[PDB]
Every structure is written in structure tokens, then in C-alpha cells.
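Take the sequence shown: its letters are residues 194 to 292, 313 to 349, numbered as in PDB author numbering.
Note sheet for the following structure.
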Amino acid sequence: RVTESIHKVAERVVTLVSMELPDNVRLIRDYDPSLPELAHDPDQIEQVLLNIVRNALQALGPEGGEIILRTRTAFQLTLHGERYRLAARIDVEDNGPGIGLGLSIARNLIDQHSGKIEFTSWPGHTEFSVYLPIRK
């Protein structure tokens with residue numbers, strides 16, 4: 194409904210997560226300042242990111258680690274079979290020795326925004342990538 198910077202929601206998430214962050218877990222930012230403002234429901238995107246970050250905290254477990262909240266402009270990104278000239282990619286990547314309804318809710322809220330969520334992993338890392346359309 195509103196067209197604003199996705200970083201406002203990202204920062205609301207950083208503030209909220211501070212209350213549940215273990216002493217041995219650090220949350221770092223890796224924002225792309227060139228990312229354009231986009232239409233989205235801030236309340237819904239906040240819930241999407243909170244649930245993904247909590248899943249990340251669950252993955253890290255007692256061993257703790259690092260969670261990176263990253264934003265990047267995505268060019269020529271495909272969403273539901275159509276290629277978009279511009280989309281926003283928001284990643285929640287965790288690093289840790291020790292490596313759900315919330316996730317289902319996040320998926321549904323992203324579908325409402327006509328976006329997608331992808332999961333990947335590599336040695337010592339796991340990452341959820343959320344995509345939101347900006348310009349088709």
C-alpha cells in the first residue's frame with residue numbers, strides 16, 4: 194500500500210531482534226543504498242523477516258554465531274514465470290559452528326506480495342533469500 198524504503202522495515206526488525214539475541218550471536222547489516230523504494234506492507238514484511246531471523250537463531254543454536262541481514266538490488270529477476278527488470282533481494286544468512314508456522318506465514322505473506330523465498334547452503338552457512346518486485 195505504501196511505497197517506502199525496505200530499510201525502514203529492516204531496521205525495525207534489527208531493533209526487535211535485539212531483545213531475543215543471545216550473548217554469543219551478532220546481527221550485522223549489509224545494505225544496498227542504491228535499492229529503490231518499493232510498494233509493500235511494512236507490517237507484513239516485518240513479520241516475514243522476524244520469522245526468518247528466528248529460524249536462523251534456531252539453526253545457530255547454543256553455539257551461537259552471526260546473522261547477516263543483507264539487501265541487494267536484483268536485476269532481471271524471475272517471479273512466477275515473468276522476468277522483472279528490478280526486484281529487491283533480502284537475505285538472512287547465518288554462520289555457526291552448530292550450523313514451522315513462522316516459515317509458512319512468511320511464505321504466504323511473500324506470496325501476497327507476488328515475490329518468492331529461496332533457501333540455500335554452503336560450508337558453515339545457511340541462507341534464506343526473500344525477493345520482492347520493484348519494477349516489472
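All C-beta atoms, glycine included, are put in the ideal place defined by N, C-alpha and C.
- Residue 338 has 288, 335 as its beta-bridge partners, per DSSP.
- Secondary-structure assignment with DSSP links residue 263 through a beta bridge to 223, 284.
- Looking from the CA of residue 266, the closest CA among 287, 203, 344 belongs to 344.
- The Cβ-Cβ distance between residue 334 and residue 284 does not fall below 8 Å.
- With a cutoff of 8 Å on beta-carbon distance, residue 239 and residue 194 are scored as not near each other.
- Linking residue 320 to residue 329 through their CA atoms gives a straight-line distance of about 7 Å.
- With 16 or more other Cβ atoms from the protein chains shown falling within 10 Å of its own Cβ, residue 264 counts as buried.
- In this structure residue 289 is buried. Its beta-carbon is surrounded by 16 or more other beta-carbon atoms within 10 angstroms.
- The shortest CA-to-CA distance from residue 222 to any of 337, 287, 339 is the one to 287.
- In this structure, DSSP gives residue 326 a state outside helix and strand, which the three-state scheme calls coil.
- Taken atom to atom, the span from the alpha-carbon of residue 262 to that of residue 269 is near 22 Å.
- In the three-state DSSP reduction, residue 205 falls in the helix class (H, G or I).
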